[PDB]
Amino acid sequence: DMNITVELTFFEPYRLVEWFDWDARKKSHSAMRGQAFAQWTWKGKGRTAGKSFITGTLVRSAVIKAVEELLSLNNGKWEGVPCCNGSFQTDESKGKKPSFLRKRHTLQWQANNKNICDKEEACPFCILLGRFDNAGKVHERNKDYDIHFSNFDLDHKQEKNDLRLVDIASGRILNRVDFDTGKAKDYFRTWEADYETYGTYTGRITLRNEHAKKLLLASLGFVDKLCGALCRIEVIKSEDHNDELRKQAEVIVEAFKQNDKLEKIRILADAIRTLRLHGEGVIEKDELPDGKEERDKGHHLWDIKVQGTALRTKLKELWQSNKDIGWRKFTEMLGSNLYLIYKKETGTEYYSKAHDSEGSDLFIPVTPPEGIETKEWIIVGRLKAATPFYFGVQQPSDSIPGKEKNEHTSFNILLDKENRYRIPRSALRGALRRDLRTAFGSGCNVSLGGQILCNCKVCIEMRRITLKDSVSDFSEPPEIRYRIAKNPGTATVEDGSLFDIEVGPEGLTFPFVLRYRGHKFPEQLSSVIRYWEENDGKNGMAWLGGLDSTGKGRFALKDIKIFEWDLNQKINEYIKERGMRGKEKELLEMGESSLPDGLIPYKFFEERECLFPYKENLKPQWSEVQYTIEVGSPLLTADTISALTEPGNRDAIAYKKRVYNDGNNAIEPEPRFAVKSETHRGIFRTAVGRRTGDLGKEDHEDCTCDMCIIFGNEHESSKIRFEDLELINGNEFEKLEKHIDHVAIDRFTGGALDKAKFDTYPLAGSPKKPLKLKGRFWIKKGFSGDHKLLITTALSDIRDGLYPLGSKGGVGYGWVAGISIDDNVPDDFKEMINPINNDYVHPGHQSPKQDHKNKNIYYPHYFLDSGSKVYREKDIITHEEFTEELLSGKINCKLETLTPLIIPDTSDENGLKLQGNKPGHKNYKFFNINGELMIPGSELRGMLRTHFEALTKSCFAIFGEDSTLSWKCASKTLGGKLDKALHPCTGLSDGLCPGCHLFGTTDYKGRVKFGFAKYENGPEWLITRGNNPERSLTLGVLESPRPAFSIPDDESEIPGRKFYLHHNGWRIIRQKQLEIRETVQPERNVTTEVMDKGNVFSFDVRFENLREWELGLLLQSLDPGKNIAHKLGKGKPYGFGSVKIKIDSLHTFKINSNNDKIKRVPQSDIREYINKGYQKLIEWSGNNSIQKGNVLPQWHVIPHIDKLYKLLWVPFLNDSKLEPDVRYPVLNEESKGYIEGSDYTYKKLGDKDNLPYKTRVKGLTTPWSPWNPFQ
RNA sequence: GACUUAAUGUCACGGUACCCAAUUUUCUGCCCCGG
Ligand SMILES: [Zn+2]
Ligand SMILES: [Zn+2]
Ligand SMILES: [Zn+2]
Ligand SMILES: [Zn+2]
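Residues numbered from 1 in each chain as written, not as in the entry; some residues may be left out. Chains lettered and ligands numbered in written order. Heavy atoms only, no water. Residues with missing side-chain atoms left out of burial classes, pairs and counts.

The record names cryo-EM as the way this model was obtained, at a resolution of 3.01 Å.

The PDB entry annotates chain A as RAMP superfamily protein originating from Candidatus Scalindua brodae. This entry's official PDB title is "Structure of the type III-E CRISPR-Cas effector gRAMP".

Here's what the structure looks like:
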């Protein structure tokens, strides 16, 4: 008649449910599913606090199962006393049914006890069950119980007032995933409780018989699992912060709304979250980025005024008032509040069905054979992340335990209470179920409402496997990864399509415990373990987690050890050592001499090459394709959040990662550069969908097209999985990142647009030192020949260079030069992977042709005036497919310098090292990446775009409107002086001009791409004798262009575009270098290196989906004939920078045809293309008087082409005697270098006495007209 | 103690928060007349 005080300790997070009695339980679903959990009852009016307990019937059922298993292991005999096989049935007519009904099978044995159990003398099993006693099924009192299990209360160490549910539990949503489609069918909710603080329960067991006492104390140690967690049973003797931060976030959102800058709030939200990865000093020591050289606007977003103050000072005064909650929680709370306010402003469940019907109430005895041996195996090891991982969870403030009742774009990761990463038990068990079903070949879909247990092989083996949840030793914050969408018609982004996820680092380690109780170790479980384990040669293939299409959640199994318990002979040592539950960490570090007795190492573990479920069902499941991209251009994959946080006022930086190391225990100090898996997943998807023509469909629900079979949709998972492209040779570079700055040039003034300068920081890729990125993807088994051909054609299209990586690909960034494929790829993928002259001589102007003694003086820039008519096409050519009637290919071109050329590297303003003395003197070098002279692609693109726009009467694409003239003030601004048709194109509703249709706009991608030019041949470095380097001429003064000379009254609107003349005026700069370096201030001059005439550069132009006349006009704009050339670079009024482009080759491909080939496009078809372009220009003019035939075209029959080609005429080309004199005037008769009695000042060309304003505009409009003796 | 179980019968270690979506489109580091 003695009592036993028992203590129950958990080692995993257990499950919690609400308490109802018996009938309110049947009214509910979550309570009926939630039996055999830990119950929770409320306390007091209002549902905030209560207490948790575990009922005595649950502990009774666990002990009864343990007694039955222990008596089955010893054939119905414990410590030499025999016992019968109990009773587990109740007749319905005599008494009621016992409130819980068994569906599982009960173990039996042969009764060899030689008696029959009655009230007087009973076996130990019948005493422990409670058959022959009083108080059955209707409770009266605690006495007349032979064995009594009391309730188990939470042994709260700090039980002072109450326990809140949000302090013990945390809600979570589980899932059910179909095997074939990979999509969810239904979901349900649970409550998981903490075990480190609230995991000890205490209770009392009362007994009135000692024959039961020996077996009961033996069987309390064999209970291994209760309420969803591994257990051990022993016998002993800040809402105010959220409210204040919510009101402050409302103030921030309204202040952004008043400036009409609401869309930035989303950006700002994640920026604050990224601030958890740096210290608090980035707010305390004002290390946030500032803007460029403009005091007015300040920064792009950190200087938006909120209640009269900037955002950085508001952040400082908010952090100064919430110092107690820590830095990380402060940043997360502010970011989550801003995201929820933005989402508010912008704007199924299945539990196991009831069985109250006929059904079945059966009894299934199973008696195992006598000579069997039952053993228990334990596998211990570590799990190491090979990729980033993601374990999804619901949003906080949507999963709060007490209250449960527009899709989100932000997603979070699963963490513990101490902010540690967590592989839950359910995810590991689901992945083990999936791989075991693949290993067996056949299994069932899981049925929930069941009266008979499933008899498939997977469900047989999964009822003997016990796992354990894992947590790491890492607490550092996650990273945020971003994804967008792309409109396939315009090749731009779609608004409202941005979303982000939270990922953890690669290299992290987690513990791993598995237990299996049975008669023999299965072949299929060992095959799955060997499929998960990594060795030399083989990599791991454990796909846990939930973003596997992007390659997130590939783990490996390191350091496996398998131990074995013999339960038929050493059951007492198992009972004593409690199965090493909770001490599995010590098994990995124990030697073989310190093991407990009864646990031996298991040496008959099957090797990889002898397992038969391996090599037939698991290894051919996924096939690997590894490759190496060789990129010979600057590569820029933008970050857009790191640029807002790291100090150094950069605009676009490259993408980085964080990799955890395991030799030491911290993250690696230097980060790794990579191209994300999402980016080249989208590259492959667009590359397949353009050739098959499936991107044009507007809907993809209930589809079965090719890109929905390979890449999946909303109803099936993908058969192709991508990984990142990491840089492998970024250590043989010096200064891997390179600073490149660009600007926009106004078309009327010829100078830079005010505040349009931007800068990029791409990685230094050169054609003689290229970047090498290593990548890999996985293909599922079951692919046909056509789908393999589609993927291989996409790989060959990446290799040929149609899809550049990253941003700014139209100006030459991220051009793939090659692809190499290693020897481990299967043989099908390896075997499927493996003069022009224009001859058009323009008759030049007769005024610098009839003089021929060089006495005239001309003006160095003139203006072109095509009047008002622009043609805006409303049917835009789309990027969705490769159309059959259109053209696509590449042009290889060469560039030759007729005059010296200056292309500066404007990063360093002291690169020739001359500012030690003469401080404030800008001096530059030539443009180079890694010591190789290059010309950027943006310069060539802007030159050709200005020529194409002036040829075809296009709009002014880059134009300054806010500036106002003043001579006396003025009337409306110089944006209002322009005609309405010449304004820049905005939107696709009103159409597009020819220049904006070919080269692009903000809402439509261009169809031409210009590459970087490389130097290859000829001399270099025009040498001057007396100079501090032998290179590096010192230039003159290059002052800002003044538009008041061309509009000299309130009338007389804008005189068109501005072009410069070709002359050898650099000779007089080269001669008087001593006159230049003395007597002009060094803050006004620029010193820079020059290249001589005769150097050859080479570059490529790439185009897709062009009509015939567009390619004709492009080939005409590249090489417009003899005696016509272009202007490029610095110092164009002084004569520097005349280039001539020769077309070396033209290739055109047609990939909608039978075979994808590359032609050579002979001379006859090129002449036909230029002729078609000329006929299109005549049709746009309207003059039908010019006949149609096979005559070589005379472009000077159109007036504006004649003016344009007079402006670009090179007179000194064919070794003729003439070279004109081109120079600006010199203010007054005393200024600098006046020439006696020439009268070439601005004092005489300025007033309305020597020439009125009309003839001045007349002289600035007509090309090459002499200005000395004025005519 | 009660709050808070019923007792000859609890496979909820009977269920992967899973699935689809390229941070990108456009822009020549350029340039002479007065205060
Ligand atoms: Zn008995
Ligand atoms: Zn099954
Ligand atoms: Zn489809
Ligand atoms: Zn336009």
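So much for the structure itself; the text now carries on.
Draft legend 1. Looking closely at the pairing of strand β27 (residues 509-518). Among the 10 residues that make up β27, 9 are buried, leaving the element largely enclosed by the rest of the structure. Pairing between strand β17 (residues 375-385) and β27: 10 bridges, direction antiparallel. Residue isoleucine 378 lies in a different strand from β27, and its bridge partner there is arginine 515. Of the pairings in the sheet, the one linking strand β21 (residues 465-467) to β27 comprises 3 bridges and is antiparallel in character. Bridge pairing in β27 links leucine 467 to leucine 514. (Buried < 20%, exposed > 50% of the residue type's maximum accessible area, 1.4 Å probe, protein only. Helix = DSSP H or I, 4+ residues; strand = E, 2+ residues; numbered from the N terminus. Pairing = 2+ DSSP bridges.)

Draft legend 2. Region of the structure containing a negative patch on the surface. Where like charges cluster on the molecular surface, the negative patch consists of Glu698, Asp699, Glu701 and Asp702. As for its position among the elements, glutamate 701 is in the loop between α17 (677-692) and α18 (706-710). (Patch = residues over 30% accessible without salt bridge, like charges linked within 9 Å, V, L, I, M, F, W, Y side chains within 5 Å. Areas by Shrake-Rupley, 256 points an atom, 1.4 Å probe, with all protein chains shown as cover. Salt bridge = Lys/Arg side-chain N within 4 Å of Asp/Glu carboxyl O. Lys, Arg positive; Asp, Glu negative; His and termini not counted. Charge placed at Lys NZ, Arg CZ, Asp CG, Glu CD.)

Draft legend 3. Summary view of the protein's contact with RNA strand B. Close to RNA strand B lie 152 residues; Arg33, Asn175, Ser352, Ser938 and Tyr1224 are nearest. Protein-adjacent atoms of RNA strand B, using a 4 Å cutoff, are sugar or phosphate at a proportion of 55%. In the model, a base nitrogen of RNA strand B is placed 2.9 Å from a nitrogen or oxygen of the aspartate 361 side chain. One of the side-chain N or O atoms of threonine 679 is found 3.0 Å from a phosphate oxygen in RNA strand B. Among the residues forming the surface near RNA strand B, the class breakdown is 55 nonpolar, 52 polar and 45 charged. (Near = heavy atom within 4 Å. Polar contact = N/O pair within 3.5 Å; in protein donor to acceptor, adjacent residues only side chain to side chain. Nonpolar A, V, L, I, M, F, W, Y, C, P; charged D, E, K, R; others polar.)

Draft legend 4. Broad picture of the coordination of the zinc ion (ligand 2). The protein atoms that coordinate the zinc ion (ligand 2) are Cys444 (SG), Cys454 (SG), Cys456 (SG) and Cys459 (SG), at distances of 2.4 to 2.5 Å. Bound by 4 donor atoms, the zinc ion (ligand 2) shows angles of 94 to 125° at the metal and therefore tetrahedral coordination geometry. Taken in chain order, the donor set of the zinc ion (ligand 2) reads C-x9-C-x1-C-x2-C. With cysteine 444 in the loop between α12 (425-440) and α13 (457-462) and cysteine 459 in helix α13, this residue pair connects regions lying 15 residues apart in the sequence. Since its relative accessible area comes to 25%, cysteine 444 is described here as partly exposed. (Donors = N, O, S within 2.8 Å, 3.2 Å for Na, K, Ca; no water. Tetrahedral: all angles 85-135°; square planar, octahedral: opposite > 155°, others 65-115°.)

Draft legend 5. Looking closely at a nonpolar patch on the surface. A cluster of nonpolar side chains, namely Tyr350, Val446 and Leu448, defines an oily patch on the protein surface of about 230 Å² accessible area. Residue placement: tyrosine 350 occurs in the loop between α11 (327-346) and β16 (365-366).

Draft legend 6. Summary view of the coordination of the zinc ion (ligand 3). Around the zinc ion (ligand 3), the protein contributes the donor atoms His700 (ND1), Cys703 (SG), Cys705 (SG) and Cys708 (SG), which lie 2.1 to 2.5 Å from the metal centre. Viewed at the metal, the 4 donor atoms of the zinc ion (ligand 3) are separated by angles of 76 to 129°, and the geometry they form is irregular. Mapping the donors of the zinc ion (ligand 3) onto the primary sequence yields the spacing H-x2-C-x1-C-x2-C.

Draft legend 7. Molecular detail of the UniProt feature "binding site: Zn(2+) 10" (unreviewed entry) in chain A. Mapped onto the present numbering, the UniProt feature "binding site: Zn(2+) 10" (unreviewed entry) falls on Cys703 and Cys708. Considering the arrangement of structural elements, one finds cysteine 703 in the loop between α17 and α18. By relative accessible area, which is 24% here, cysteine 703 ends up partly exposed. Setting aside residues no more than four positions away along its own chain, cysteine 703 makes contact with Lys697, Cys708 and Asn713. Mapped onto the fold, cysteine 708 is located in helix α18. Setting aside its immediate chain neighbours within four residues, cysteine 708 contacts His700, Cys703 and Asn713. (UniProt positions renumbered as here; feature names shortened; annotations may be inferred. Contact = heavy atoms within 4.5 Å.)

Draft legend 8. Local environment of the packing of helix α7 (residues 239-258) against α11. Here α7 crosses α11 at 50°, and the two axes come no closer than 9 Å. As summarised for this structure, α7 and α11 are arranged oblique, according to the angle between their axes. Judged by the twist between their axes, the crossing of α7 over α11 is right-handed. Contacts between α7 and α11 pair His241, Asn242, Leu245, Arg246, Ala249, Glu250, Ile252, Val253 and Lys257 from the former with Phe330, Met333, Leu334, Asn337, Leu338, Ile341 and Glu345 from the latter. Split by residue class, the contact of α7 with α11 holds 9 nonpolar, 3 polar and 4 charged. (Axes fitted to C-alpha atoms, helices over the stretch in contact; angles between N-to-C directions. Parallel < 35°, antiparallel > 145°, perpendicular 65-115°, else oblique. Left-handed = near helix turned anticlockwise from the far one by under 90°.)

Draft legend 9. Structural detail: the packing of aromatic side chains. In the structure shown here, the tally under the stated rule is 47 aromatic pairs. Ring centres of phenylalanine 684 and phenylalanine 722 lie 5.1 Å apart, and the angle between their planes is 45°; on these two criteria the pair is classed as tilted. Of the two residues, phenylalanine 684 sits in helix α17 while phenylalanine 722 sits in strand β34 (residues 720-722), which places them 38 residues apart along the sequence. As far as burial versus exposure is concerned, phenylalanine 684 and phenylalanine 722 are alike and both buried. The ring of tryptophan 1021 has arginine 1031 sitting right over it, with the charged end atom 5.5 Å from the ring centre. The positively charged end of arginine 1102 is found above the aromatic ring belonging to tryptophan 815, 5.4 Å away from the centroid. (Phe/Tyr/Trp six-rings, centres within 6.5 Å; stacked < 30°, edge-to-face > 60°. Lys NZ or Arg CZ within 6 Å of the ring centre and 35° of its normal.)

Draft legend 10. A look at empty space enclosed by the protein. Estimates place the volume of the largest cavity at around 100 Å³. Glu12, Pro13, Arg15, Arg172, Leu174, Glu192, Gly228, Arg422, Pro424, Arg425, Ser426 and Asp469 are the residues that line the largest cavity. Going through the elements one at a time, β11 (169-177) and α12 are the ones with two or more residues in the lining of the largest cavity. For the lining of the largest cavity, a count of residues per class yields 3 nonpolar, 2 polar and 7 charged. (1 Å grid on protein atoms, 1.4 Å probe; cavity = no way out; pocket = protein on both sides within 12 Å on 5 of 7 lines; lining within 4 Å. Points joined across faces, edges and corners; volume = space filled by probe spheres on them.)

Draft legend 11. Representation of the packing of helix α3 (residues 56-73) against helix α6 (residues 211-219) in the model. Two elements in contact, α3 and α6, have axes separated by 9 Å at closest approach and are oriented at 100°. In terms of axis orientation, α3 runs roughly perpendicular to α6. Here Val63, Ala66, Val67, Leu70 and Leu71 of α3 lie close against α6, whose contacting residues are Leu215, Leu216, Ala218 and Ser219. The residue makeup of the contact of α3 with α6, split by class, is 8 nonpolar, 1 polar and no charged.

Draft legend 12. Spatial organisation of the environment of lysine 538. Mapped onto the elements of the fold, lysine 538 is located in the loop between α14 (523-532) and β28 (542-547). Apart from residues lying up to four places away in sequence, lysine 538 is in contact with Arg530, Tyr531, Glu533, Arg608 and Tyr614. Separated by 3.4 Å, the side chain of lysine 538 and the backbone oxygen of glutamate 533 make a polar contact.

Draft legend 13. Highlighting unusual backbone geometry. The backbone of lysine 735 sits at a positive phi, close to 55°, despite the residue not being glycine. In this structure, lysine 735 sits in the loop between β35 (725-727) and β36 (740-742). Of the residues examined, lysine 735 reaches a relative accessible area of 71% and is grouped as exposed.

Draft legend 14. Representation of the domain arrangement of chain A within the structure. We note that the domain assignment places domain 1 (3-91 + 99-237), domain 2 (238-346), domain 3 (373-398 + 408-621), domain 4 (628-834) and domain 5 (883-957 + 981-1042 + 1057-1174) within chain A. Tallying the contact residues gives 11 residues for domain 2 and 19 residues for domain 3. Interface of domain 2 and domain 3: buried area, both sides summed, is about 1,300 Å²; carbon and sulfur atoms make up 43% of it. Of all residues in domain 2, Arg266, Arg328 and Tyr339 give up the largest surface area on contact with domain 3, accounting jointly for 41% of the area buried on that side. Applying the counting rule to domain 2 against domain 3 returns 4 salt bridges. The salt bridge partner of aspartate 500 is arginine 273, with a shortest N-O separation of 2.8 Å. In this assembly, domain 2 and domain 3 are joined by 11 residue pairs in polar contact. Elements that contribute at least two residues to the side of domain 2 that touches domain 3 include exactly α8 (264-274) and α11. Residue contributions to the side of domain 2 that touches domain 3 peak at 5 residues, all from α11. When the residues that make up the side of domain 2 that touches domain 3 are grouped by side-chain class, the tally is 3 nonpolar, 1 polar and 7 charged. (Domains from an automatic or database assignment. Buried area = accessible area lost by both parts, 1.4 Å probe.)

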